[PDB]
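S.K.: There's a structure below that I have some questions on.
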Amino acid sequence: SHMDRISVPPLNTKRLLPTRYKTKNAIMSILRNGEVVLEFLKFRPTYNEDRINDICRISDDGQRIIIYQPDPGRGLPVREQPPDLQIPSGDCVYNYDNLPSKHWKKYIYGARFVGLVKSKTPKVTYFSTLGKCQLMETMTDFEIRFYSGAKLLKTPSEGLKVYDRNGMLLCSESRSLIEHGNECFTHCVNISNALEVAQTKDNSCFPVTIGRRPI
Amino acid sequence: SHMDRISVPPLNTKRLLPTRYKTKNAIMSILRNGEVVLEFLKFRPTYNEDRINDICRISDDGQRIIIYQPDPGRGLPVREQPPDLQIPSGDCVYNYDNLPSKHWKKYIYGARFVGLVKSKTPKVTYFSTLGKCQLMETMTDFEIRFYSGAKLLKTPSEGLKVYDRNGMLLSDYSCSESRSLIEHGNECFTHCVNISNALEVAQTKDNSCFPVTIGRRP
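Here the protein sequences come in this chain order: B and A.
The first sequence lines up with residues 379 to 548, 553 to 597 when you count with the deposited numbering.
Quick note: to get the deposited numbering, add 378 to the position in the second sequence (first position is 1).
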């Protein structure tokens, strides 16, 4: 039933570069091979330090999941990268369509970490007459760094905002920058749609950069 | 472990009106009192029809959960309204934090149900110079019915979709017309959000500020 399948769509790390992000509760990595590794931490007085409590690896297309607890009861100490993957024993290998519900929260955490990185990864970059425009891989996040210094931000929750170089939210000059922002956004979206036509499995069309900073 | 918990926060039916969804495997209701009632169905040859196998009731702040399994094995005939049955024992009354994982699928299903309702419930309606914009209770589902006939939809689940005057989905924005629809989308969405934000200030427990409609059909 529609009740036995997780809420998020299967994640995927298309065009996302290696990155290692760390909160107080988790280390999360996108690896060179596109896989997502989540190392959830638990502080262990016994060792007086964070320990890797459990690990969730997710394939670059979101369909294959491995979830286990390393050395249960104590886990592993934190290193500069996630631990290597030991050959799976089977009962720690799940897939997207049958992932049990008790593991959905971890998977959703991965989807969200991937969402974040996608929201900061430029897919189309364009030099307008007024500023450097960047459409992110999410197709919704977008910003312009104006040569003057101002900045326009478009996000899925607030819409378009514009700021001065130090970050104060500016006002008829705003009407001008905002209008230019809409225009660039649409151009970048059109560039993106246009380029999918030339895309093949062997040859990519992104990330793309058009024009250059004037002088 | 913190990651070994239910995958949705507590639901809530704030400002949702009564409603009833029928799927092949459940009947889902939001009652007048704000309660969610999920009726799980299963076809039973012995009766030659679908029977209600079990039931899950969830309070309006998502904090109370009651699980029934009425007339076990046999179930109940489906009715057009959910009946408020006897609870076998106090063991069947849970709260959100202690709900056992064997019932998370049910709860999450309820929370999804509620999200569907919220995504179709207008919270801010604005009549612009170009269309009727509706920002929904989710704060992220947004649509404009342009007076000219175009339509623009915005959801977290599908990004942006824009339909020309002829009801055709646009694949790109080449003409001055399509580019103006996308632009109005952004401006009107920013405004409805600002309206939502500004109104909260006037909100109390005695008086509401939503749903709100600004202006009118030209």
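All residues carry an ideal CB built from backbone N, CA and C; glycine is no exception.
Please list the terminal residues of the continuous beta strand (DSSP E) segment that includes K420 (chain B).
M.R.: 414-422
S.K.: Excluding the 5 residues preceding and the 5 following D542 (chain B) in the sequence, name in chain order all residues of the same chain whose CB lies nearer than 7 Å to its CB.
M.R.: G527, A528, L548
S.K.: Beta strand (DSSP E) containing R429 (chain A): first to last residue?
M.R.: 427-436
S.K.: Select from B:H562, B:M406, B:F418, B:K483 the residue whose C-alpha is nearest the C-alpha of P448 (chain B).
M.R.: Closest by alpha carbon: B:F418.
S.K.: How about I445 (chain B) and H481 (chain B): are their beta carbons less than 8 Å apart?
M.R.: Yes, Cβ-Cβ distance for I445 (chain B) and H481 (chain B) is below 8 Å.
S.K.: Do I408 (chain A) and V495 (chain A) have their C-beta atoms within less than 8 Å of each other?
M.R.: yes
S.K.: For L389 (chain B) and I443 (chain B), which I take to be in contact (beta-carbon distance under 8 Å), what is that distance rounded to the nearest angstrom?
M.R.: Not a contact, Cβ separation roughly 10 Å.
S.K.: Our contact map puts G453 (chain A) next to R422 (chain A) with C-beta atoms below 8 Å; I'd like the distance itself, whole angstroms only.
M.R.: 7 Å
S.K.: So, under 8 Å CB-CB, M514 (chain A) and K539 (chain A) are touching, yes? Tell me the CB distance rounded to an integer number of Å.
M.R.: That belief does not hold up - the Cβ atoms of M514 (chain A) and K539 (chain A) are roughly 15 Å apart, past 8 Å.
S.K.: Who are the neighbours of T518 (chain B) on chain A, taking C-beta pairs under 7 Å?
M.R.: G537
S.K.: What does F567 (chain A) touch in chain B if you count any residue whose Cβ is under 7 Å from its own?
M.R.: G537
S.K.: Under 8 Å between C-beta atoms, does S479 (chain B) make it to chain A?
M.R.: yes
S.K.: Can you list, in chain order, the residues of its chain whose CB lies under 6 Å from that of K532 (chain A), leaving out five sequence neighbours each side?
M.R.: Excluding its 5 nearest sequence neighbours in each direction, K532 (chain A) has C-beta neighbours in its own chain below 6 Å: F520, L538, listed in chain order.
S.K.: With H, G and I counted as helix, E and B as strand and the rest as coil, what does DSSP make of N390 (chain B)?
M.R.: coil
S.K.: Please go through the stretch 441-500 of chain A and give each complete beta strand (DSSP E) segment of 3 or more residues, from N-terminal end onward.
M.R.: 442-446, 471-473
S.K.: Say whether chain A places a C-beta atom closer than 8 Å to the C-beta of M381 (chain B).
M.R.: yes
S.K.: For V502 (chain B), collect the residues of the same chain with a Cβ closer than 6 Å to its Cβ; drop the 5 residues on either side in sequence, then sort them by chain order.
M.R.: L513, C570, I573, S574, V590
S.K.: Quick one: grab the DSSP three-state call for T507 (chain B).
M.R.: For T507 (chain B), the three-state secondary structure derived from DSSP is coil.
S.K.: Out of B:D439, B:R557, B:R457, which one is the CA nearest neighbour of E427 (chain B)?
M.R.: The shortest Cα separation from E427 (chain B) among B:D439, B:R557, B:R457 belongs to B:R457.
S.K.: Which residues in chain B have a C-beta closer than 9 Å to the C-beta of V571 (chain A)? List them in chain order.
M.R.: Correct list: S535, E536, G537.
S.K.: Just the Cα atoms here: how many angstroms apart are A580 (chain B) and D550 (chain A)?
M.R.: 16 Å
S.K.: Could you pull the start and end residues of the alpha helix (DSSP H) that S574 (chain A) belongs to?
M.R.: 554-578
S.K.: Taking 8 Å as the threshold (beta carbon to beta carbon), is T397 (chain A) in contact with chain B?
M.R.: no
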